[PDB]
Amino acid sequence: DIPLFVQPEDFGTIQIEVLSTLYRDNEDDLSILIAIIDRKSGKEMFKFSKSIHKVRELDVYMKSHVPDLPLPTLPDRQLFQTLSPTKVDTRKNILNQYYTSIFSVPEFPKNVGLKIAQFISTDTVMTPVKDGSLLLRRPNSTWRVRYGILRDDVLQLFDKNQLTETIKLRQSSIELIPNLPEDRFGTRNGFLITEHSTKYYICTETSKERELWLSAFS
């Protein structure tokens with residue numbers, strides 16, 4: 502066997518939270534970061550990372566070994582084709598609904614329950636001023657994944673751990689971009705930083728993350 506972090510009979514005692522679908526794993530590919538939480542304590546026990554391909558693989562296994570029991574539906578493949586903020590926001594919510602339903606099924610067959618347990622017991626992620640994954644556009653205007661670090665009153669953006677942008681907040685102005693009506697770029701949870716000029720369009724994965732980032736800007 503491979504060591505199990507949570508026994509299949511104890512799937513009911515955990516909550517899941519899909520934290521991101523822009524996480525860079527050990528091989529530096531975009532993957533899905535998932536947190537496993539103890540229900541009674543509310544403490545985050547561990548995190549793990551899976552590519553969308555691995556997610557569909559386990560899904561394929563389940564459809565075939567439990568055909569008679571209803572199972573949730575994965576996000577569509579089109580949500581992972583052209584990178585846009587509105588798709589990133591949506592597919593994270595569907596994945597949250599998906600894995601909440603999985604660990605809410607009362608009983609799985611012994612083989613299927615072990616496979617799910619092995620799934621969450623691999624690709625473990627250990628992670629210990637504001638930061639987070641961001642989506643960046645410039646005024652021929654595609655989006656690109658960036659990792660933002662707020663240093664003092666200066667924002668730093670990295671592309672695969674390489675400084676590609678550096679921003680002064682004292683020189684710049686900030687404004688929210690309304691989610692609606694949806695523009696021709698799929699902007700969502702977005703805001704504009706105009707550094708004195717130059718304009719950077721930045722979106723977060725959730726609307727809460729936009730709230731948290733603006734407060735860091737203050």
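Using the authors' numbering, the letters of the sequence shown map in sequence onto residues 502 to 629, 636 to 646, 652 to 708, 716 to 737.
Even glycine gets a Cβ: it sits at the ideal position worked out from N, Cα and C.
query: Starting from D590, follow the alpha helix (DSSP H) in both directions and report where the run begins and ends.; result: 586-603
query: Can you tell me whether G639 is buried or exposed, with buried defined as 16 or more other CB within 10 angstroms of its CB?; result: buried
query: Measuring alpha carbon to alpha carbon, tell me which of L615, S585, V613 ends up nearest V657.; result: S585
query: Excluding the five sequence neighbours on either side, which residues of its own chain have a C-beta within less than 8 Å of the C-beta of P576, listed in chain order?; result: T591, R592, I595, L596, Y599
query: Is the number of C-beta pairs between the segment 547-559 and the segment 520-533 that are closer than 8 Å three or more?; result: yes
query: Tell me the DSSP secondary structure of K616 in three-state form.; result: helix
query: Cutting at 6 Å between CB atoms, please list the residues of its own chain near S685, excluding the five before and the five after it.; result: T706
query: Would you kindly work out how many angstroms separate the C-alpha atoms of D664 and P504, rounded to a whole number?; result: 43 Å
query: Span of the alpha helix (DSSP H) holding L692?; result: Where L692 is concerned, there is no enclosing alpha helix (DSSP H), given that its DSSP letter is neither H nor E.
query: As a quick exercise: from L570, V589, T583, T514, pick the residue whose alpha carbon is nearest that of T522.; result: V589
query: Three-state secondary structure (DSSP) at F506?; result: coil
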